[PDB]
**Student:** 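Okay, here's the structure, questions in a sec.
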Amino acid sequence: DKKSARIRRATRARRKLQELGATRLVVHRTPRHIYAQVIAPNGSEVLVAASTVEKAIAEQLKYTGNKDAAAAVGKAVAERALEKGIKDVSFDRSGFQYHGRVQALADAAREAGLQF
Amino acid sequence: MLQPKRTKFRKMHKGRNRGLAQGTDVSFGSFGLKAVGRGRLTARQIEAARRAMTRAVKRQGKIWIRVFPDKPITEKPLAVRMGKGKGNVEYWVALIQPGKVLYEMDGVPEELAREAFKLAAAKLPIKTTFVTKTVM
Amino acid sequence: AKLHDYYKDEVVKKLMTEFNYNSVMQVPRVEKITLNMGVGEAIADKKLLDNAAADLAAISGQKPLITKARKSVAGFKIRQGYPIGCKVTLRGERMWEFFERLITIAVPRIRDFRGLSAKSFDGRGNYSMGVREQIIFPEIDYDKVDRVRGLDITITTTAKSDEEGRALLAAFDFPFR
Amino acid sequence: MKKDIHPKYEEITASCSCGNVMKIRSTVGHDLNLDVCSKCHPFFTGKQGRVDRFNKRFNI
Amino acid sequence: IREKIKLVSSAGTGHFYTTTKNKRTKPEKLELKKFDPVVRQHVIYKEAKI
Amino acid sequence: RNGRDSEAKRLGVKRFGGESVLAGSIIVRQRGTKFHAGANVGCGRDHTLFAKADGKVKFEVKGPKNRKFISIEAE
RNA sequence: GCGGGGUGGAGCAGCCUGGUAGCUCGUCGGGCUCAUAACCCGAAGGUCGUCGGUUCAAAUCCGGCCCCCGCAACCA
RNA sequence: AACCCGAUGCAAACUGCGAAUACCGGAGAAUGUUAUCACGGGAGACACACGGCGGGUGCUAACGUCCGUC
RNA sequence: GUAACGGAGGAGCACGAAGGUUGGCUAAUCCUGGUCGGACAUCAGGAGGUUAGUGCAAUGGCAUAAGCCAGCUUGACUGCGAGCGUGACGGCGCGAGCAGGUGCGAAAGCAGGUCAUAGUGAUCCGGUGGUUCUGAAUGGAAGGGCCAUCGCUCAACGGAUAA
RNA sequence: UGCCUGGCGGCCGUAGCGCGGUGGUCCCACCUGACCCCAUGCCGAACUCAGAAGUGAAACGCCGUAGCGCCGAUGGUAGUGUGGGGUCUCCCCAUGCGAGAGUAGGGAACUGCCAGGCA
Ligand SMILES: [K+]
Ligand SMILES: [K+]
Ligand SMILES: [Mg+2]
Ligand SMILES: [Mg+2]
Ligand SMILES: [Mg+2]
Ligand SMILES: [Mg+2]
Ligand SMILES: [Mg+2]
Ligand SMILES: [Mg+2]
Ligand SMILES: [Mg+2]
Ligand SMILES: [Mg+2]
Ligand SMILES: [Mg+2]
Ligand SMILES: [Mg+2]
Ligand SMILES: [Mg+2]
Ligand SMILES: [Mg+2]
Ligand SMILES: [Mg+2]
Ligand SMILES: [Mg+2]
Ligand SMILES: [Mg+2]
Ligand SMILES: [Mg+2]
Ligand SMILES: [Mg+2]
Ligand SMILES: [Mg+2]
Ligand SMILES: [Mg+2]
Ligand SMILES: [Mg+2]
Ligand SMILES: [Mg+2]
Ligand SMILES: [Zn+2]
């Protein structure tokens, strides 16, 4: 079970962030799509979200499951966060390696102005 | 003479023997011999009683022993003073509480069972009573 | 390649009909082939394990992974972490090429070949066989062979049962007595 | 596959007595001549008492 | 079996740390970058006799 | 052959539920994490749980394993 | 009570410091002799008191259980 | 006869359960010659005994012995 | 917290990685198939679920693993320390956080040795290195102080004497 | 507003298993390739990337189903604080507290935020 393995991999960092009380930028990656959510320290409320499943992001992208799409989502989530005034967040790779698409999303979010 | 084949520990605290027994019902046979008194049953006593009832039934029917002597009893040799460590294990006992079914019998008539249990009871240090299986 | 092409072109159709599979995904697939050599003599001489590895490399076309004792065993006079075997895992193109080479060339070259047992399935549709001599593989050179080394070949399949496993191998015309 | 750790593996021509020719990747490098193959091997092809003996030898 | 050794600052302050070493198993001299409080910098410290 | 024992280590709960504590105060001494650190509680090298903020001690059972956690509710 | 033992048929090693049973004699086969002994050549024979425990592994280390030695077993 | 399954017991150094009490903390009332705490002057004492309750040891022997608590 | 010549076992170390961090990983045992290969080696699959593991006793812990593997490393840092635990005392222990400087990580972070609890010895005397201290008329020096560190199976282990 | 799916939580078995059925528009999964980025103590298995021909087979989700796990009274029983009593190695009485097991029974979770598809 790849998912269960990934969740195990994600748990240590997620528990740490919860203990720190940090606002968390959670990323989910699938072969076809990438998702970014900014979740409140409680972990039960999503402040802002952006994904390749959203039409506005999807329409401008050739493919939703590549690094270019990842960068688009990173920029989108960050811009929405900045309007909300979040500014400072902690990146939750959610058991995925900090590399490739996940890394492209993060770099875009940093470029956009989210601090992490 | 019943004895544990092995034990985690050689010696055991004296302890106490309060409370009523578990296993108060005839569970394997038609008839049983139940303890009405509290006490210790030594392995030798259990064997003596077993031999008496077995001979009375003349190797007919089946006998269950519901008690097992798993408690080691130590004694100090004669002319030893107090102290210098706990004594050596001399024999094994089962702790008996009132209500404990000691033995059970099946495949014999009730009158024969009553006679056999009377012979066995004469070997035991505790007062006993004849019991029969019940529906509930 | 060729056997992979054959699998898709012919084997799938034959198996689909035979088992009345609802989906193509139901049809058994050859997941991987693992070649293992158990070099017990390695404990005496390290070079023997190296030579065995070189033989496995030549047959596989792939650098072998050295295996080491999971636990110490007095009987075999082995301590945990001591290298006592080598293995190669073949997947995809390399697997299909090896599978072809084995059936087409190596298996015929087996001495006194009378077919392979069809009872060598593990109960889960996976087939294991042993090669007594590395000579059968053309890559190995008889003249340069220092010692006769055997190997054990396992074919891991997605087949749920042995019947599906034997059918899959039969479709490729794997020799069976 | 990792680079520089594996044996050289190239397509080679394998020829048999039956005349079957197969081009396969191998570490052998040189072209191979084979005595037997799956096509011509007896098992694959399928090419693979006393009372009778008595009567034949001692027919009267 | 383990013997006490000094780790002496390369800064020439004369500041030293002390630790133990298994000399038979590990003959090679221990060298570590450690804080030298005299210079207030991390510098190389090298093993010496206690 | 017997006759030996070690000194008692004075482990156990030092501050019970509802007790007001200053930051730094030891709440429980233990071997291993019989109790786990919750909010505003730290875990020392010997698994001592101590207050990281002033407040009231709170014992709670939480998570899939139903583990006991000690937290400090800020005053 | 405290120590030391128990290993081819006999007497002794090996234990300490686990893996890796020796020596002398005796026994057996062949030889020398008229024959026996002596002598010469070749060979076999303890899985280590008896269980358990530890160990990947026990003659070896630990703990009984048995046996056999030594010392102690006292002061009113 | 392993294992496994059904039925039956046993445990100071067993626990997939679990009290009463005790203890720690908080609040409130009444009662109590502050009964509390700190600091300073002066000590004595550090052979305890029996009885009840919970135990180790001993033979659930001792006007025995060793702890806990009254 | 708690005694007995009560019941049972251990320690007088080890480790420059077996420490730090980042990334990853998950056990025992059994069954089936498989060259040599056997009760037991390595390989494949299944069951099982920690019945494994933890440098070393036992107990409590441990999957977010504290277990296992790899990369880079020296936080096995120096000065301090709110607050607290445990002691008749000498002492011993836990500790956020602050300053300086550092390692790992993209980052959040984590790191003041090791899953925790044994692995130890006061004072005196003396040794070694350092030092904005002292320096018996004065300048030095000697000697002393201060800081770092070394020498006791002082094991009858709060150590009567060097004997 | 409902239905369906994904992500993050609460909660931590009345929530987990087993067994049977069911789903691919989207989503998800498997999947298709790999010169790449990146990876294998060997292996594109995994990790990773570039994709979308195929299939819901597996996985996963959903629905149904007590073979189980799990939950679980009432009453009684055991124990026990205080006071009292006896035939005192153990009990009894008054009063207060009151299990464990077992029984009847329950039970195939519930729920918040955000996003997407559909009606
Ligand atoms: K008393
Ligand atoms: K002394
Ligand atoms: Mg004592
Ligand atoms: Mg203790
Ligand atoms: Mg004590
Ligand atoms: Mg108990
Ligand atoms: Mg109160
Ligand atoms: Mg005194
Ligand atoms: Mg006194
Ligand atoms: Mg007293
Ligand atoms: Mg008493
Ligand atoms: Mg008495
Ligand atoms: Mg007295
Ligand atoms: Mg006292
Ligand atoms: Mg006392
Ligand atoms: Mg202070
Ligand atoms: Mg002097
Ligand atoms: Mg002067
Ligand atoms: Mg002068
Ligand atoms: Mg000086
Ligand atoms: Mg003393
Ligand atoms: Mg009730
Ligand atoms: Mg109940
Ligand atoms: Zn041919």
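Heavy-atom basis, side chains included; hydrogens, waters and symmetry copies ignored. Letters A, B, ... mirror the listed sequences (proteins, then strands); counts begin at 1.
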**Student:** Can you list the residues that meet the side chain to side chain donor-acceptor pair (under 3.5 Å) rule with B:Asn88, with sequence neighbours excluded?
**Tutor:**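 So B:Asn88 forms no side chain to side chain donor-acceptor pair (under 3.5 Å) with any residue.
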**Student:** Does a nitrogen or oxygen in the side chain of A:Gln97 sit under 4.0 Å from OP1 or OP2 of I:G24?
**Tutor:**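 So the side-chain polar atoms of A:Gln97 do come within 4.0 Å of the phosphate oxygens OP1 or OP2 of I:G24, strictly under.
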**Student:** Got a sec? Which of residues 6-16 of chain F come in under 4.0 Å of RNA chain J, heavy atoms?
**Tutor:** none
**Student:** Between I:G93 and I:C84, is a Watson-Crick or G-U wobble pair present, with both distances under 3.5 Å?
**Tutor:**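 Pair flag for I:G93 and I:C84 is true.
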**Student:** What's touching nucleotides 72-82 of chain J from the protein side, N or O pairs under 3.5 Å?
**Tutor:**
{"unit_1": "J:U80", "atom_1": "OP1", "unit_2": "B:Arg18", "atom_2": "NH1", "d": "2.9"}
{"unit_1": "J:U80", "atom_1": "OP2", "unit_2": "B:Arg18", "atom_2": "NH2", "d": "3.0"}

**Student:** Whole angstroms only, please: what is the CG-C1' distance between B:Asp70 and H:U8?
**Tutor:** 13 Å
**Student:** Nucleotides 53-60 of chain J: which of its N/O atoms have a protein N/O under 3.5 Å away?
**Tutor:**
{"unit_1": "J:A57", "atom_1": "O4'", "unit_2": "C:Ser23", "atom_2": "OG", "d": "2.9"}

**Student:** Identify all side-chain donor-acceptor contacts of residues 71-79 of chain C below 3.5 Å with residues at least two apart in sequence or on another chain.
**Tutor:**
{"unit_1": "C:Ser72", "atom_1": "OG", "unit_2": "C:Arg79", "atom_2": "NE", "d": "3.2"}
{"unit_1": "C:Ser72", "atom_1": "OG", "unit_2": "C:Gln80", "atom_2": "N", "d": "2.9"}

**Student:** Can we say E:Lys21 and E:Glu47 salt-bridge, meaning some charged N sits less than 4.0 Å from an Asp/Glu carboxylate O?
**Tutor:**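 Salt bridge between E:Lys21 and E:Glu47, a charged N being under 4.0 Å from a carboxylate O: yes.
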**Student:** Would you mind telling me which of H:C59, I:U42, I:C15 lies closest to the side-chain atoms of C:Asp152?
**Tutor:** I:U42
**Student:** Could you list the residues that satisfy salt bridge (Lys or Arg N to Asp or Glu O under 4.0 Å) with A:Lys16, not counting sequence neighbours?
**Tutor:** A:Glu19
**Student:** Quick check: any donor-acceptor pair below 3.5 Å linking the side-chain of A:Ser44 to the base of J:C113?
**Tutor:** no
**Student:** At under 4.0 Å between heavy atoms, which parts of nucleotides 97-111 of chain J does protein reach? Answer with one letter per nucleotide, 5' to 3': B base, S sugar-phosphate only, - none.
**Tutor:** ---------------
**Student:** Enumerate, in order of first residue number, the stems that involve RNA chain J, defined as 3 or more consecutive Watson-Crick or G-U wobble pairs with both distances under 3.5 Å.
**Tutor:**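 J:1-10 with J:110-119, J:18-23 with J:60-65, J:28-30 with J:54-56, J:31-34 with J:48-51, J:79-86 with J:90-97 - these are the stems of 3 or more pairs that involve RNA chain J.
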**Student:** Take atom NZ of B:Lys11 as the centre, draw a 6.0 Å sphere, and report whether it contains more than 12 heavy atoms from other residues, nucleotides or ligands.
**Tutor:** yes
**Student:** Which residues within residues 66-76 of chain C lie with some heavy atom under 4.0 Å of an atom in RNA chain I?
**Tutor:**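 Hits under 4.0 Å, by residue number: C:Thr67, C:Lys68, C:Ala69, C:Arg70, C:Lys71, C:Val73, C:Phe76.
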**Student:** Who does I:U32 pair with, Watson-Crick or G-U, both distances under 3.5 Å?
**Tutor:**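 Paired with I:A44.
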**Student:** Can you find a side chain N or O atom of F:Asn2 that sits less than 4.0 Å from OP1 or OP2 on I:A8?
**Tutor:**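 Answer is yes, contact under 4.0 Å.
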**Student:** Check each residue of residues 57-68 of chain F for a non-hydrogen atom within less than 4.0 Å of any atom in RNA chain I, then write out the ones that pass by number, or none.
**Tutor:**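 Nucleic-acid contacts, sorted: F:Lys65, F:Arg67.
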**Student:** Quick one: side chain to side chain donor-acceptor pair (under 3.5 Å) pairs with a partner in residues 30-39 of chain A, sequence neighbours left out?
**Tutor:** A:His33-A:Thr52
**Student:** Can G:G49 and G:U50, neighbours in the strand, be said to stack by the measure of ring centres under 5.5 Å and ring planes under 30 degrees?
**Tutor:** yes
**Student:** Counting side-chain heavy atoms from CB outward, which of I:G16, I:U149, J:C49 is closest to A:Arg29?
**Tutor:**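 The answer is J:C49, which lies nearest to the side chain.
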**Student:** Who passes side-chain contact (heavy atoms from CB on, under 4.5 Å) against F:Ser25, sequence neighbours left out?
**Tutor:**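 With sequence neighbours excluded, F:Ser25 shows a side-chain contact (heavy atoms from CB on, under 4.5 Å) to F:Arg15, F:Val21, F:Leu22, given in chain and number order.
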